[PDB]
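A.B. asks: This is structure.pdb, which holds PDB, C-alpha atoms:
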ATOM      1  CA  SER A   1      22.065  10.486  -4.717  1.00  0.00           C
ATOM      2  CA  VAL A   2      19.014  10.833  -2.391  1.00  0.00           C
ATOM      3  CA  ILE A   3      17.355   7.479  -3.521  1.00  0.00           C
ATOM      4  CA  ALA A   4      19.865   4.656  -4.142  1.00  0.00           C
ATOM      5  CA  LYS A   5      19.543   1.736  -6.519  1.00  0.00           C
ATOM      6  CA  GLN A   6      19.035  -0.544  -3.629  1.00  0.00           C
ATOM      7  CA  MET A   7      17.372   0.507  -0.409  1.00  0.00           C
ATOM      8  CA  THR A   8      15.648  -0.731   2.704  1.00  0.00           C
ATOM      9  CA  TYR A   9      12.770   0.531   4.855  1.00  0.00           C
ATOM     10  CA  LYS A  10      10.936   0.125   8.194  1.00  0.00           C
ATOM     11  CA  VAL A  11       7.175   0.235   8.537  1.00  0.00           C
ATOM     12  CA  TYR A  12       5.166   0.893  11.651  1.00  0.00           C
ATOM     13  CA  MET A  13       1.463   0.137  11.587  1.00  0.00           C
ATOM     14  CA  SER A  14      -1.408   0.256  14.030  1.00  0.00           C
ATOM     15  CA  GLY A  15      -5.069   0.550  13.972  1.00  0.00           C
ATOM     16  CA  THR A  16      -8.361  -0.973  14.737  1.00  0.00           C
ATOM     17  CA  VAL A  17     -10.635  -3.077  12.675  1.00  0.00           C
ATOM     18  CA  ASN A  18     -14.077  -4.004  13.884  1.00  0.00           C
ATOM     19  CA  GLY A  19     -12.979  -3.055  17.394  1.00  0.00           C
ATOM     20  CA  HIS A  20      -9.718  -5.070  17.433  1.00  0.00           C
ATOM     21  CA  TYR A  21      -6.507  -3.123  18.138  1.00  0.00           C
ATOM     22  CA  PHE A  22      -3.080  -4.289  16.696  1.00  0.00           C
ATOM     23  CA  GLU A  23       0.388  -3.236  15.576  1.00  0.00           C
ATOM     24  CA  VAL A  24       2.728  -4.555  12.958  1.00  0.00           C
ATOM     25  CA  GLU A  25       6.329  -3.675  12.263  1.00  0.00           C
ATOM     26  CA  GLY A  26       8.079  -4.618   9.098  1.00  0.00           C
ATOM     27  CA  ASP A  27      11.538  -4.536   7.505  1.00  0.00           C
ATOM     28  CA  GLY A  28      11.560  -4.067   3.818  1.00  0.00           C
ATOM     29  CA  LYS A  29      13.800  -3.780   0.759  1.00  0.00           C
ATOM     30  CA  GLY A  30      13.879  -3.335  -2.975  1.00  0.00           C
ATOM     31  CA  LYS A  31      15.197  -1.431  -5.933  1.00  0.00           C
ATOM     32  CA  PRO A  32      13.091   1.742  -6.317  1.00  0.00           C
ATOM     33  CA  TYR A  33      14.119   2.094  -9.941  1.00  0.00           C
ATOM     34  CA  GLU A  34      12.997  -1.471 -10.687  1.00  0.00           C
ATOM     35  CA  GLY A  35       9.558  -1.247  -9.031  1.00  0.00           C
ATOM     36  CA  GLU A  36      10.439  -4.185  -6.870  1.00  0.00           C
ATOM     37  CA  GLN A  37      10.253  -4.827  -3.170  1.00  0.00           C
ATOM     38  CA  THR A  38       9.597  -7.467  -0.513  1.00  0.00           C
ATOM     39  CA  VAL A  39       8.902  -6.793   3.165  1.00  0.00           C
ATOM     40  CA  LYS A  40       8.755  -8.963   6.341  1.00  0.00           C
ATOM     41  CA  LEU A  41       6.123  -8.202   8.986  1.00  0.00           C
ATOM     42  CA  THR A  42       5.678  -9.047  12.641  1.00  0.00           C
ATOM     43  CA  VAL A  43       2.457  -8.535  14.488  1.00  0.00           C
ATOM     44  CA  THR A  44       3.995  -6.887  17.526  1.00  0.00           C
ATOM     45  CA  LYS A  45       0.514  -6.437  19.185  1.00  0.00           C
ATOM     46  CA  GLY A  46      -2.996  -7.875  19.128  1.00  0.00           C
ATOM     47  CA  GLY A  47      -1.805 -11.086  17.246  1.00  0.00           C
ATOM     48  CA  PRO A  48      -3.416 -13.346  16.135  1.00  0.00           C
ATOM     49  CA  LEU A  49      -5.437 -10.945  14.003  1.00  0.00           C
ATOM     50  CA  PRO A  50      -9.152 -11.951  13.950  1.00  0.00           C
ATOM     51  CA  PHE A  51      -9.308 -10.605  10.388  1.00  0.00           C
ATOM     52  CA  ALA A  52      -7.812 -11.346   6.914  1.00  0.00           C
ATOM     53  CA  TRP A  53      -4.218 -10.231   6.496  1.00  0.00           C
ATOM     54  CA  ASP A  54      -5.054  -8.801   3.086  1.00  0.00           C
ATOM     55  CA  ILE A  55      -6.814  -5.611   4.110  1.00  0.00           C
ATOM     56  CA  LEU A  56      -3.432  -4.553   5.624  1.00  0.00           C
ATOM     57  CA  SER A  57      -1.225  -5.719   2.698  1.00  0.00           C
ATOM     58  CA  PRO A  58      -1.436  -2.536   0.651  1.00  0.00           C
ATOM     59  CA  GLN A  59      -0.932  -0.240   3.534  1.00  0.00           C
ATOM     60  CA  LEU A  60       2.432  -1.862   4.031  1.00  0.00           C
ATOM     61  CA  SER A  61       5.401   1.886  -0.336  1.00  0.00           C
ATOM     62  CA  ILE A  62       5.246   3.981  -3.530  1.00  0.00           C
ATOM     63  CA  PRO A  63       8.913   4.940  -4.043  1.00  0.00           C
ATOM     64  CA  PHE A  64       9.679   1.403  -5.275  1.00  0.00           C
ATOM     65  CA  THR A  65       7.662   2.118  -8.390  1.00  0.00           C
ATOM     66  CA  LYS A  66       9.458   2.137 -11.790  1.00  0.00           C
ATOM     67  CA  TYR A  67       8.778   5.381 -13.652  1.00  0.00           C
ATOM     68  CA  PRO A  68       9.769   6.080 -17.208  1.00  0.00           C
ATOM     69  CA  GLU A  69      12.184   8.981 -17.678  1.00  0.00           C
ATOM     70  CA  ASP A  70       9.384  10.895 -19.379  1.00  0.00           C
ATOM     71  CA  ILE A  71       7.025  10.958 -16.392  1.00  0.00           C
ATOM     72  CA  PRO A  72       7.738  13.073 -13.266  1.00  0.00           C
ATOM     73  CA  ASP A  73       8.267  10.625 -10.353  1.00  0.00           C
ATOM     74  CA  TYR A  74       6.371  12.728  -7.763  1.00  0.00           C
ATOM     75  CA  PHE A  75       7.312  10.061  -5.205  1.00  0.00           C
ATOM     76  CA  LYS A  76      11.039  10.101  -5.575  1.00  0.00           C
ATOM     77  CA  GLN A  77      10.996  13.940  -6.113  1.00  0.00           C
ATOM     78  CA  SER A  78       9.528  14.431  -2.673  1.00  0.00           C
ATOM     79  CA  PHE A  79      12.606  13.174  -0.897  1.00  0.00           C
ATOM     80  CA  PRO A  80      14.450  13.659   1.472  1.00  0.00           C
ATOM     81  CA  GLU A  81      11.591  15.538   3.118  1.00  0.00           C
ATOM     82  CA  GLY A  82       9.263  12.854   1.665  1.00  0.00           C
ATOM     83  CA  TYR A  83       5.439  12.944   1.781  1.00  0.00           C
ATOM     84  CA  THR A  84       2.205  11.714   3.341  1.00  0.00           C
ATOM     85  CA  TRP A  85      -1.166  10.288   2.162  1.00  0.00           C
ATOM     86  CA  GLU A  86      -4.725   9.225   2.983  1.00  0.00           C
ATOM     87  CA  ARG A  87      -6.606   6.527   1.443  1.00  0.00           C
ATOM     88  CA  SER A  88      -9.961   4.989   1.807  1.00  0.00           C
ATOM     89  CA  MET A  89     -11.182   1.548   0.932  1.00  0.00           C
ATOM     90  CA  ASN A  90     -14.822   1.015   0.169  1.00  0.00           C
ATOM     91  CA  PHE A  91     -15.846  -2.566  -0.089  1.00  0.00           C
ATOM     92  CA  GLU A  92     -18.852  -3.996  -1.881  1.00  0.00           C
ATOM     93  CA  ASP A  93     -20.631  -4.826   1.452  1.00  0.00           C
ATOM     94  CA  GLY A  94     -20.401  -1.396   3.101  1.00  0.00           C
ATOM     95  CA  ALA A  95     -17.234  -2.213   5.122  1.00  0.00           C
ATOM     96  CA  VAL A  96     -14.798   0.715   4.934  1.00  0.00           C
ATOM     97  CA  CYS A  97     -11.259   1.528   5.964  1.00  0.00           C
ATOM     98  CA  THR A  98      -9.342   4.605   6.071  1.00  0.00           C
ATOM     99  CA  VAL A  99      -5.679   4.836   6.211  1.00  0.00           C
ATOM    100  CA  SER A 100      -3.125   7.569   6.449  1.00  0.00           C
ATOM    101  CA  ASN A 101       0.722   7.412   6.251  1.00  0.00           C
ATOM    102  CA  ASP A 102       3.818   9.510   6.734  1.00  0.00           C
ATOM    103  CA  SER A 103       6.724   8.530   4.602  1.00  0.00           C
ATOM    104  CA  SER A 104      10.109   9.988   5.309  1.00  0.00           C
ATOM    105  CA  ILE A 105      13.730   8.662   5.165  1.00  0.00           C
ATOM    106  CA  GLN A 106      17.004   8.098   6.969  1.00  0.00           C
ATOM    107  CA  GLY A 107      20.000   7.513   4.661  1.00  0.00           C
ATOM    108  CA  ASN A 108      19.229   4.275   2.826  1.00  0.00           C
ATOM    109  CA  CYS A 109      16.051   3.518   4.761  1.00  0.00           C
ATOM    110  CA  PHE A 110      12.553   4.849   4.344  1.00  0.00           C
ATOM    111  CA  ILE A 111      10.399   5.134   7.407  1.00  0.00           C
ATOM    112  CA  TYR A 112       6.711   4.607   7.122  1.00  0.00           C
ATOM    113  CA  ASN A 113       4.261   5.189   9.879  1.00  0.00           C
ATOM    114  CA  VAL A 114       0.775   4.087   8.885  1.00  0.00           C
ATOM    115  CA  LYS A 115      -2.522   3.930  10.681  1.00  0.00           C
ATOM    116  CA  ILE A 116      -5.619   2.062   9.891  1.00  0.00           C
ATOM    117  CA  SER A 117      -9.142   2.181  10.782  1.00  0.00           C
ATOM    118  CA  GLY A 118     -11.689  -0.158   9.590  1.00  0.00           C
ATOM    119  CA  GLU A 119     -15.125  -1.329  10.119  1.00  0.00           C
ATOM    120  CA  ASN A 120     -18.487  -2.651   9.119  1.00  0.00           C
ATOM    121  CA  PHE A 121     -16.933  -5.988   8.122  1.00  0.00           C
ATOM    122  CA  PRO A 122     -19.780  -8.479   8.444  1.00  0.00           C
ATOM    123  CA  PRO A 123     -19.089 -11.037  11.055  1.00  0.00           C
ATOM    124  CA  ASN A 124     -19.570 -14.013   8.762  1.00  0.00           C
ATOM    125  CA  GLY A 125     -18.295 -12.177   5.734  1.00  0.00           C
ATOM    126  CA  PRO A 126     -15.040 -13.144   4.127  1.00  0.00           C
ATOM    127  CA  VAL A 127     -12.881 -10.533   5.891  1.00  0.00           C
ATOM    128  CA  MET A 128     -13.796 -11.661   9.362  1.00  0.00           C
ATOM    129  CA  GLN A 129     -14.031 -15.272   8.161  1.00  0.00           C
ATOM    130  CA  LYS A 130     -10.523 -15.245   6.607  1.00  0.00           C
ATOM    131  CA  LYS A 131     -11.625 -16.598   3.250  1.00  0.00           C
ATOM    132  CA  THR A 132      -9.714 -14.277   1.017  1.00  0.00           C
ATOM    133  CA  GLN A 133      -6.850 -15.382  -1.200  1.00  0.00           C
ATOM    134  CA  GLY A 134      -5.048 -12.316  -2.311  1.00  0.00           C
ATOM    135  CA  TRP A 135      -5.414  -9.327  -4.546  1.00  0.00           C
ATOM    136  CA  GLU A 136      -5.719  -9.383  -8.278  1.00  0.00           C
ATOM    137  CA  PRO A 137      -3.037  -7.424 -10.197  1.00  0.00           C
ATOM    138  CA  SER A 138      -4.354  -3.902 -10.714  1.00  0.00           C
ATOM    139  CA  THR A 139      -4.021  -0.481 -12.166  1.00  0.00           C
ATOM    140  CA  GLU A 140      -4.111   2.816 -10.313  1.00  0.00           C
ATOM    141  CA  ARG A 141      -5.336   5.903 -12.222  1.00  0.00           C
ATOM    142  CA  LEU A 142      -3.484   8.938 -10.965  1.00  0.00           C
ATOM    143  CA  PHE A 143      -3.895  12.574 -11.817  1.00  0.00           C
ATOM    144  CA  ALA A 144      -2.468  15.908 -10.537  1.00  0.00           C
ATOM    145  CA  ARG A 145      -4.564  18.438  -8.417  1.00  0.00           C
ATOM    146  CA  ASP A 146      -3.243  21.476  -6.382  1.00  0.00           C
ATOM    147  CA  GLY A 147       0.146  19.796  -6.259  1.00  0.00           C
ATOM    148  CA  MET A 148      -1.388  16.700  -4.679  1.00  0.00           C
ATOM    149  CA  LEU A 149      -1.707  13.447  -6.729  1.00  0.00           C
ATOM    150  CA  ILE A 150      -5.145  11.771  -6.872  1.00  0.00           C
ATOM    151  CA  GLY A 151      -5.494   7.972  -7.013  1.00  0.00           C
ATOM    152  CA  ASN A 152      -8.245   5.490  -7.997  1.00  0.00           C
ATOM    153  CA  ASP A 153      -8.119   1.798  -8.280  1.00  0.00           C
ATOM    154  CA  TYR A 154     -10.833  -0.836  -8.489  1.00  0.00           C
ATOM    155  CA  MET A 155      -9.377  -3.764  -6.615  1.00  0.00           C
ATOM    156  CA  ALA A 156     -10.614  -7.257  -6.318  1.00  0.00           C
ATOM    157  CA  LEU A 157      -9.851  -9.689  -3.574  1.00  0.00           C
ATOM    158  CA  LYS A 158      -9.918 -13.272  -4.612  1.00  0.00           C
ATOM    159  CA  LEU A 159     -12.160 -15.632  -2.581  1.00  0.00           C
ATOM    160  CA  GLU A 160     -12.117 -19.288  -1.537  1.00  0.00           C
ATOM    161  CA  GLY A 161     -14.202 -21.041  -4.168  1.00  0.00           C
ATOM    162  CA  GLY A 162     -13.419 -18.676  -7.053  1.00  0.00           C
ATOM    163  CA  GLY A 163     -15.391 -15.532  -6.202  1.00  0.00           C
ATOM    164  CA  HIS A 164     -14.238 -11.865  -5.901  1.00  0.00           C
ATOM    165  CA  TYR A 165     -14.844  -9.224  -3.191  1.00  0.00           C
ATOM    166  CA  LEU A 166     -14.692  -5.809  -4.813  1.00  0.00           C
ATOM    167  CA  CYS A 167     -13.300  -2.614  -3.346  1.00  0.00           C
ATOM    168  CA  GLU A 168     -12.716   0.993  -4.313  1.00  0.00           C
ATOM    169  CA  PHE A 169      -9.368   2.695  -3.475  1.00  0.00           C
ATOM    170  CA  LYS A 170      -9.305   6.502  -3.389  1.00  0.00           C
ATOM    171  CA  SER A 171      -5.976   7.972  -2.399  1.00  0.00           C
ATOM    172  CA  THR A 172      -4.528  11.366  -2.111  1.00  0.00           C
ATOM    173  CA  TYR A 173      -0.773  11.627  -2.071  1.00  0.00           C
ATOM    174  CA  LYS A 174       0.809  14.799  -0.746  1.00  0.00           C
ATOM    175  CA  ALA A 175       4.405  15.879  -1.119  1.00  0.00           C
ATOM    176  CA  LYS A 176       6.144  17.563   1.866  1.00  0.00           C
ATOM    177  CA  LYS A 177       7.921  20.015  -0.474  1.00  0.00           C
ATOM    178  CA  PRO A 178       6.454  21.130  -3.868  1.00  0.00           C
ATOM    179  CA  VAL A 179       7.645  19.216  -6.930  1.00  0.00           C
ATOM    180  CA  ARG A 180       7.161  18.796 -10.671  1.00  0.00           C
ATOM    181  CA  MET A 181       3.812  17.224 -11.350  1.00  0.00           C
ATOM    182  CA  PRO A 182       3.319  14.566 -14.015  1.00  0.00           C
ATOM    183  CA  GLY A 183       0.080  14.402 -16.006  1.00  0.00           C
ATOM    184  CA  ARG A 184      -2.487  11.533 -15.944  1.00  0.00           C
ATOM    185  CA  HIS A 185      -0.824   8.048 -15.694  1.00  0.00           C
ATOM    186  CA  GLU A 186      -1.378   4.641 -14.207  1.00  0.00           C
ATOM    187  CA  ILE A 187       0.534   2.224 -12.072  1.00  0.00           C
ATOM    188  CA  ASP A 188       0.381  -1.417 -12.866  1.00  0.00           C
ATOM    189  CA  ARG A 189       0.779  -3.521  -9.743  1.00  0.00           C
ATOM    190  CA  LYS A 190       0.998  -7.076  -8.557  1.00  0.00           C
ATOM    191  CA  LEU A 191       1.186  -7.829  -4.868  1.00  0.00           C
ATOM    192  CA  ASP A 192       1.305 -11.143  -3.146  1.00  0.00           C
ATOM    193  CA  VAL A 193       1.650 -12.890   0.170  1.00  0.00           C
ATOM    194  CA  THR A 194       4.692 -14.993  -0.579  1.00  0.00           C
ATOM    195  CA  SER A 195       4.806 -16.534   2.915  1.00  0.00           C
ATOM    196  CA  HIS A 196       3.306 -16.489   6.442  1.00  0.00           C
ATOM    197  CA  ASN A 197       3.196 -18.504   9.686  1.00  0.00           C
ATOM    198  CA  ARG A 198       0.035 -20.303  10.535  1.00  0.00           C
ATOM    199  CA  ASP A 199      -1.831 -17.617  12.521  1.00  0.00           C
ATOM    200  CA  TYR A 200      -0.395 -14.882  10.353  1.00  0.00           C
ATOM    201  CA  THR A 201       1.662 -13.266  13.092  1.00  0.00           C
ATOM    202  CA  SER A 202       4.784 -13.330  10.682  1.00  0.00           C
ATOM    203  CA  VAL A 203       4.009 -12.621   7.064  1.00  0.00           C
ATOM    204  CA  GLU A 204       6.018 -11.485   4.033  1.00  0.00           C
ATOM    205  CA  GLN A 205       4.793  -9.951   0.841  1.00  0.00           C
ATOM    206  CA  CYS A 206       6.264  -8.860  -2.483  1.00  0.00           C
ATOM    207  CA  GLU A 207       5.182  -6.085  -4.810  1.00  0.00           C
ATOM    208  CA  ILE A 208       5.990  -5.087  -8.320  1.00  0.00           C
ATOM    209  CA  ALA A 209       4.915  -1.664  -9.607  1.00  0.00           C
ATOM    210  CA  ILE A 210       5.299   0.104 -12.907  1.00  0.00           C
ATOM    211  CA  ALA A 211       4.186   3.444 -14.228  1.00  0.00           C
ATOM    212  CA  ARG A 212       3.235   4.370 -17.810  1.00  0.00           C
ATOM    213  CA  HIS A 213       0.927   6.891 -19.542  1.00  0.00           C
ATOM    214  CA  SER A 214      -2.843   6.888 -19.643  1.00  0.00           C
ATOM    215  CA  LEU A 215      -4.968   6.597 -22.752  1.00  0.00           C
TER     216      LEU A 215
END
Represent the structure contained in this file as structure tokens.

C.D. replies:
Amino acid sequence: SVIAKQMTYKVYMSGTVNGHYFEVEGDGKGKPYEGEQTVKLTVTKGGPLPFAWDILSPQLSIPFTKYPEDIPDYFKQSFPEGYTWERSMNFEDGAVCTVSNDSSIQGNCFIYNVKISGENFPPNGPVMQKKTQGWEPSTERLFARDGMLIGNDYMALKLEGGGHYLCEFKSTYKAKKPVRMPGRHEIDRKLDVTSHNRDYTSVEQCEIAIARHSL
């Protein structure tokens, strides 16, 4: 059984955001059939981050997504060779990020190598000012195309004082071997920073993630 009921993973992250260089390693764990995972992160390099932890949160694992038996789990199918992806984040104030990832595996452990580039975060905006307060639960609209999966999600980052700081997610997931596509579907997600030290050089997060059909 290529994907067990309970698994771990390791995540390796680096990138640059408004000029600042950093790296982040995390140990993670969940039950891929439940859609549940937590992960613990250290900022190995460039800590303390001068920007909000949150723009990193979601580049820190799709296989822990609960799919119903009647939709083709593209993510799990792709193993053990696994898969890769690219994503961009376009924020309401012209700040952008781009992200790519390689996801493979090693027995009961996934290995994720992710890279992040980001800029045009206004210096007294909420990303550089650290005034965000997490992501709102969301829903990703996925559809098949040339054996890739396409992804769209309109995300909102909560602000200090009750605002919201909007952001488009466009993502392309690509299997390393070809696999049985599903058709249009959506992933309901919640994702939270459950704990962190004071300058956010250790940080832990939890995610729940569930698939179902579109309308």

A.B. asks: Using all atoms listed in the file, what residues lie at most 12 Å away from (13.8, 6.2, 10.1) (file coordinates), given as a PyMOL selection string?

C.D. replies: chain A and resi 8-12+27+80-82+102-113

A.B. asks: Identify, on the basis of all atoms listed in the file, every residue whose closest approach to range 203-211 of chain A does not exceed 6 Å; exclude the query and any residue fewer than 2 positions from it along the same chain; express the result as a ChimeraX atom specification.

C.D. replies: /A:35-41,65-67,186-196,200

A.B. asks: Compile the contact shell of residue 122 in chain A as a short mmCIF file (atom, residue, chain, number, x, y, z; two decimals) with C-alpha atoms, in the coordinates of the input: residues with an atom at most 9 Å away, counting all atoms listed in the file, same-chain residues fewer than 3 positions apart removed.

C.D. replies:
data_model
loop_
_atom_site.label_atom_id
_atom_site.label_comp_id
_atom_site.auth_asym_id
_atom_site.auth_seq_id
_atom_site.Cartn_x
_atom_site.Cartn_y
_atom_site.Cartn_z
CA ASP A 93 -20.63 -4.83 1.45
CA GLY A 94 -20.40 -1.40 3.10
CA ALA A 95 -17.23 -2.21 5.12
CA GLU A 119 -15.12 -1.33 10.12
CA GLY A 125 -18.30 -12.18 5.73
CA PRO A 126 -15.04 -13.14 4.13
CA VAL A 127 -12.88 -10.53 5.89
CA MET A 128 -13.80 -11.66 9.36
CA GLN A 129 -14.03 -15.27 8.16
#

A.B. asks: Let me have the centre and edge lengths of the axis-aligned box enclosing all listed atoms of range 22-30 of chain A with 8 Å padding on every side, in Å to one decimal, as AutoDock Vina command-line options.

C.D. replies:
--center_x 5.4 --center_y -3.9 --center_z 6.9 --size_x 33.0 --size_y 17.4 --size_z 35.7

A.B. asks: For the structure provided, state which residues fall under the PyMOL selection byres ((chain A and resi 101) around 9), and present them as a list in words.

C.D. replies: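 Going through the file, the PyMOL selection byres ((chain A and resi 101) around 9) ends up selecting residues 59, 83, 84, 85, 86, 87, 99, 100, 102, 103, 112, 113, 114 and 115 of chain A.
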
A.B. asks: Given the file shown, determine the residues that the PyMOL selection byres ((chain A and resi 149) around 9) selects; report them as a list in words.

C.D. replies: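 For this structure, the PyMOL selection byres ((chain A and resi 149) around 9) captures residues 74, 142, 143, 144, 145, 146, 147, 148, 150, 151, 171, 172, 173, 174, 175, 181 and 182 of chain A.
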
A.B. asks: Can you tell me how far CA of residue 58 in chain A sits from CA of residue 163 in chain A, in Å to one decimal?

C.D. replies: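 Going from CA of residue 58 in chain A over to CA of residue 163 in chain A covers 20.3 Å.
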
A.B. asks: When the PyMOL selection byres ((chain A and resi 97) around 7) is applied to the file above, which residues end up in the set, as a ChimeraX atom specification?

C.D. replies: /A:88-90,96,98-99,116-119

A.B. asks: Between A:20, A:164, A:185, A:198, which is the closest to residue 70 in chain A once you count all atoms listed in the file?

C.D. replies: A:185
